[PDB]
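What follows is a short report on a single structure.
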């Protein structure tokens with residue numbers, strides 16, 4: 020499924036395909052936002068790593084399974 | 649109904665169709681804004697999940713039912 | 020009457036037609052700004068709801084009746 | 649007279665014609681800025697109301713009397 | 020003389036002709052900046068009034084007499 | 649592997665090829681972000697040095713190994 | 649010599665020719681930045697005055713003498 | 020070697036050629052960032068002076084020797 024992450028004051032919108040479930044990704048993101056984590060880590064189906072600065076996240080759209 | 653969410657310092661305006669009522673969406677949004685929640689969660693009619701950073705919300709437009 | 024709301028750091032300028040009076044809208048807006056409400060709610064003549072983050076308001080321009 | 653109000657981080661520059669005197673408008677603006685008031689209110693010659701968030705004001709240009 | 024005022028996060032650069040001396044204008048501006056005044060007032064040769072929010076000033080260029 | 653670093657309020661997105669492993673780079677970045685370090689330092693396969701102001705980091709994309 | 653001053657969140661880059669020495673200009677700038685002065689004042693070879701809000705300075709480039 | 024300095028909320032990316040070593044430049048920059056100096060000073064091979072407001076630095080990219 021597609022994951023789109025908008026980053027405040029940054030022109031690119033991160034987009035990738037996740038091998039995880041909508042719930043797994045939602046948990047990871049929610050926890051980061053709820054806890055002001057300061058780093059959110061997501062991996063895509065090919066093993067690319069996105070390390071995002073939680074505070075700079077505008078939104079995450081998790082696509083349909 | 650359409651839900652449009654403007655996000656401060658972000659080009660994209662989030663748009664989707666909700667299976668919920670204007671009241672349900674209004675409650676979710678209002679609560680987030682009123683309580684400075686760290687996270688607002690909205691789901692659309694197809695089951696796409698929008699996790700929005702409440703503080704970055706400019707506005708929400710909730711369209712008319714249908 | 021037209022209501023235009025400018026939102027800081029957001030391209031779009033919210034515009035709608037109000038079934039309310041200039042005074043009603045002015046009170047709702049003024050109260051939000053004066054009290055730093057954190058949410059302002061306006062409804063248009065068709066029943067669209069605008070939930071605006073008060074702090075992000077640049078201006079409101081309430082048209083003539 | 650023309651009143652132009654520049655708003656920080658907002659593309660539109662508010663412009664209108666005032667039925668009031670340069671001094672009246674200057675007092676209303678000065679007071680808002682000096683007191684960090686939450687809200688500045690100006691009306692134009694046609695009765696349009698501008699409610700501006702004082703803190704978001706960059707400048708006001710007040711035109712010459714008449 | 021020309022007075023140019025740059026305003027941070029605002030596209031227009033205020034420009035006008037002053038009937039005052041470079042020193043008078045410099046005094047008014049310097050005082051505003053030094054004291055964090057919260058309002059700077061300048062008038063031009065035709066009597067236009069510029070009320071600027073001191074904190075939003077990037078620079079003032081005062082032209083030659 | 650490619651490393652892309654997005655910098656908040658800066659038009660350029662830093663891109664380079666790393667001689668290090670995804671894990672090495674991830675540790676260096678994670679540490680910087682988790683500790684709010686004042687400075688993150690990365691070197692590329694040609695020996696170019698990137699000194700990034702941690703607080704200004706939007707994201708790092710680490711490419712797949714090789 | 650040329651002095652270029654970049655101002656954060658402002659399109660224009662201030663440019664002028666100084667009758668002073670690179671050292672004089674460097675001292676004035678350094679002092680302002682080091683001390684978080686509210687105001688930096690520079691004058692050019694024709695007597696134009698630049699009053700800059702120190703906190704809004706991105707950089708100063710001081711050119712070579714002549 | 021080339022030194023490129025990205026400045027936050029400023030279009031221009033400072034570029035110059037250094038007569039110093041990658042290590043010298045790295046120390047000067049690292050020290051500024053680590054200590055929140057409030058002024059970083061770099062000089063180029065022709066004697067141009069860059070006085071940069073440390074807090075406004077996005078990145079420095081020190082080229083190969």
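Chains as they are written, first to last, in the numbering used here: chain U, 20 to 84; chain S, 649 to 714; chain X, 20 to 84; chain A, 649 to 714; chain Y, 20 to 84; chain W, 649 to 714; chain B, 649 to 714; chain F, 20 to 84.
Quick reminder that beta carbons are idealized off the backbone N, C-alpha and C, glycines included.
Taking the CA atoms as reference points, residue 57/Y sits about 10 Å from residue 70/Y.
Spatial neighbours of residue 60/F in its own chain (CB-CB distance under 6 Å, excluding positions within 5 residues in sequence) are listed in chain order as 70.
A buried status is given to residue 28/U, since no fewer than 16 other beta-carbon atoms sit within 10 Å of its beta-carbon. Residue-level contact check: residue 667/S does not touch chain X, since none of the beta carbons of chain X fall below 8 Å from its beta carbon. Taking 7 Å as the Cβ-Cβ cut-off, the region 672-689 of chain A approaches chain X at 686, 687, given in chain order. If you ignore the 5 residues before and after residue 712/A, its C-beta comes within less than 7 Å of the C-beta of 649, all in its own chain and listed in chain order.
Chain-ordered, the chain U residues with CB closer than 7 Å to the CB of residue 695/S read 83. With a threshold of 16 other beta carbon atoms within 10 Å, residue 670/W meets it and is buried. Non-local C-beta neighbours of residue 79/Y in its own chain, meaning closer than 6 Å and more than five positions away in sequence, comprise 24, 48, ordered along the chain.
For residue 705/S, the nearest beta carbon of chain X is closer than 8 Å to its own beta carbon. The beta carbon of residue 62/X does not come within 8 Å of any beta carbon belonging to chain A, so the residue lies off that interface. For residue 708/W, a Cβ of chain U is located within less than 8 Å of the residue's own Cβ.
Taking a 10 Å sphere around the C-beta of residue 53/X, we find fewer than 16 other C-beta atoms and assign the residue as exposed.
Annotation for residue 53/Y: the continuous alpha helix (DSSP H) segment containing it runs 41-54.
Counting every other CB atom within 10 Å of its CB across the protein chains shown gives residue 38/X a total below 16, marking it as exposed.
The Cβ atoms of residue 26/U and residue 76/U lie closer than 8 Å to each other.
The residues 688, 702, in chain order, have a CB closer than 6 Å to that of residue 680/S in the same chain once the five nearest residues on each side in sequence are set aside.
Between residue 35/F and residue 67/F, the beta carbon gap of about 7 Å places them in contact (Cβ cut-off 8 Å). Within its own chain, no residue has a Cβ closer than 7 Å to the Cβ of residue 30/F once the five positions on either side in sequence are excluded. Collapsing the DSSP output to three states places residue 74/Y in a helix.
Boundaries of the beta strand (DSSP E) around residue 33/U: 32-36. Per DSSP, reduced to three states, the secondary structure at residue 691/B is strand.
When DSSP states are grouped into helix, strand and coil, residue 696/W belongs to the coil group. The three-state secondary structure of residue 712/A, taken from DSSP, is coil.
The DSSP-derived three-state label of residue 654/W is strand. Rounded to whole angstroms, the gap between the alpha carbons of residue 33/Y and residue 22/Y is 8 Å. The C-alpha of residue 62/Y is placed about 11 Å away from the C-alpha of residue 43/Y.
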